[PDB]
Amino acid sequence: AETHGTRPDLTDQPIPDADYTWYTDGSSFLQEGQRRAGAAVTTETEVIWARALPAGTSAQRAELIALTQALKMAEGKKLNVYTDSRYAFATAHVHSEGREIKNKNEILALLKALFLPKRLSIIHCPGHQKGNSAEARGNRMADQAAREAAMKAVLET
């Protein structure tokens, strides 16, 4: 059992009896001078949810938002969720003591959402993998979906 965490039964390895295995990604890039962002939750082949986010949204914030959405949609179910964000992983797994100086709203929302799934593992996966393994395909799908959502919104459709 992890220590100095927020949800005592949270693990970082896949649970055998998971209902859902999902992949999250937050995308942030510069376009026409401003920072743009998107977030997504996917399986290897399906987009469960993807949205463009407000201008100025950092990649870190987008990653928190994507992970939060996965937790919300998995309320009452057993979830393995993969993120390639070290920031989102650490925010979910390690409790901090001080006032949150950045992303305070998104951190609070994530911490609340941790408690929604019946059982939960938040797992790190490498990003930009070339394989056709489940993790490679899932992470790729989430990255593509988040970037597509962000691009479509900036271009207006």
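Don't overthink the numbering: it's just position in the shown sequence, from 1.
**Q** 29-37 versus 106-114: which one carries the higher mean Cα B factor per the record?
**A** Higher mean C-alpha B-factor: 29-37.
**Q** Per the PDB record, is the mean Cα temperature factor higher over 126-134 or over 54-62?
**A** Of 126-134 and 54-62, the stretch with the higher C-alpha B-factor average is 126-134.
**Q** Out of 12, 17, 9, 148, which residue has the highest Cα temperature factor in the PDB record?
**A** Going by the entry's C-alpha B-factors, 17 comes out highest.
**Q** Which third, lowest, middle or highest, does the CA B-factor of residue 121 fall in along this chain?
**A** Tercile = lowest for this residue's CA B-factor.
**Q** Check where residue 47 lands among this chain's C-alpha B-factors and tell me if it's the lowest, middle or highest third.
**A** Within its chain, residue 47 is a middle-third residue by C-alpha B-factor, going by the deposited values.
**Q** For residue 94, does the deposited CA B-factor place it in the lowest, middle or highest third of the chain?
**A** Middle third, going by the recorded CA B-factors of the chain.
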